[PDB]
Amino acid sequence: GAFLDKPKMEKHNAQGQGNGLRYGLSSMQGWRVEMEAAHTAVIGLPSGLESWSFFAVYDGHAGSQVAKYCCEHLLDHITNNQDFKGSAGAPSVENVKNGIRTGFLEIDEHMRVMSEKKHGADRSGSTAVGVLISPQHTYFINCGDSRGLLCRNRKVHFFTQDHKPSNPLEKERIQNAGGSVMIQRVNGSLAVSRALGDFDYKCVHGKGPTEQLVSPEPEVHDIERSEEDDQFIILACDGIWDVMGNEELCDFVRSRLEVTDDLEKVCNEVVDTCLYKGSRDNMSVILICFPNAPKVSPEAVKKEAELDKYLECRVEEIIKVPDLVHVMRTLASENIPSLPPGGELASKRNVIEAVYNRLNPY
């Protein structure tokens, strides 16, 4: 299967600001032979929604085609349908939710017709996780096993529930569609129960679009915004969540924000950390900060410099020549205090490796 001999570490970054928001994002191919991730990041939507913003991560499987179409067109399918539009002036919460649902069902069918018409060869699919942010609400959107969360008042205020085939209601739909869940996989193949694309799994006669083996139906949750308490939102694929929990990543991201306001750097730190914790998947993360996101702290910055210097001195000493793996192993056995919460030693590997490289460049 995939797996390069060595991971592709190259970061694809973007950042922006507007509407009171700041964001950064990072995607990385990592250990996989193919890159099948995509994202959307836009502040200011067209057609009177200039005060609105939209961010999404798409985790492609069996190809990048579906993820790529979604990242460029999901938003317009969501906003340009009668359900979203309603209405009077400005969409109601119900307009937004129905509009999002209709957009998912319609882009799915759209791609299906395009493929049939052009005899498409790919059999790809994609998760989608995102937030549509209005002046007064954050609407979380989830379809698949990517995941998003909102940090408010230093805590995980909300996170999306992953769609897995073994989930009771998913299992039920799958079984009613003539299929089975074997361990965690639909008919022993697919490890997600909801996705755009995967049309081979949406061919059951006598069942509607949302009653197929795999469903394109998103789950949407409206959270009223809190200007005072809202801190940040994290959107990421399972490449991140497979190795870091909600609380851990929230704590870790806070610790990094206390050291720098460069959001691309914080996203890169998350991605590298997850690679070093053993993630062998593509990884994508979007970090969206609100006005009251944690601020850089002089004391945090000092502590980070102190820790870096301390690690540098440990490496010098441990090098009496042990390889990097053995140095990491020794450092781990020393139970070093004050490592980043959640990130731990893995989140300091870049600092450790840089010193190691200076001392053992060959």
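Each residue number is its position in the shown sequence, starting from 1.
Undergrad: Do any residues of the deposited sequence lie unmodelled between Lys295 and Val296, and which range holds their number: none, 1 to 3, 4 to 9, or 10 or more?
TA: The entry has no unmodelled residues between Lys295 and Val296.
Undergrad: On average, are the C-alpha B-factors higher in 172 to 180 or in 159 to 167?
TA: Looking at the recorded C-alpha B-factors, 172 to 180 comes out higher on average.
Undergrad: Where do the C-alpha atoms have the higher mean temperature factor in this entry, in 97 to 105 or in 119 to 127?
TA: It is 119 to 127 that shows the higher mean C-alpha B-factor.
Undergrad: Return the residue from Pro216, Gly245, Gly148, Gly86 that has the highest Cα B-factor in the entry.
TA: If I rank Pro216, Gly245, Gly148, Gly86 by C-alpha B-factor, first place goes to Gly86.
Undergrad: Tell me which of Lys265, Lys277, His77, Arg154 tops the list for C-alpha B factor in the record.
TA: Within the set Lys265, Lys277, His77, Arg154, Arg154 shows the top C-alpha B-factor.
Undergrad: Lowest, middle or highest third of the chain for the C-alpha temperature factor of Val321?
TA: Its C-alpha B-factor belongs to the highest third of this chain's values.
Undergrad: Is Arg185 in the lowest, middle or highest third of its chain when residues are ranked by C-alpha B-factor?
TA: Highest third, going by the recorded CA B-factors of the chain.
Undergrad: Per the entry's values, where does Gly239 land by CA temperature factor relative to the rest of its chain, in the lowest, middle or highest third?
TA: Its C-alpha B-factor belongs to the lowest third of this chain's values.
Undergrad: Can you tell me whether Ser134 has a C-alpha B-factor in the lowest, middle or highest third compared with the other modelled residues of the same chain?
TA: For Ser134, the deposited C-alpha B-factor lands in the middle third.
Undergrad: Splitting the chain's C-alpha B-factors into thirds, which one does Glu312 fall into?
TA: CA B-factor rank for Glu312: highest third.
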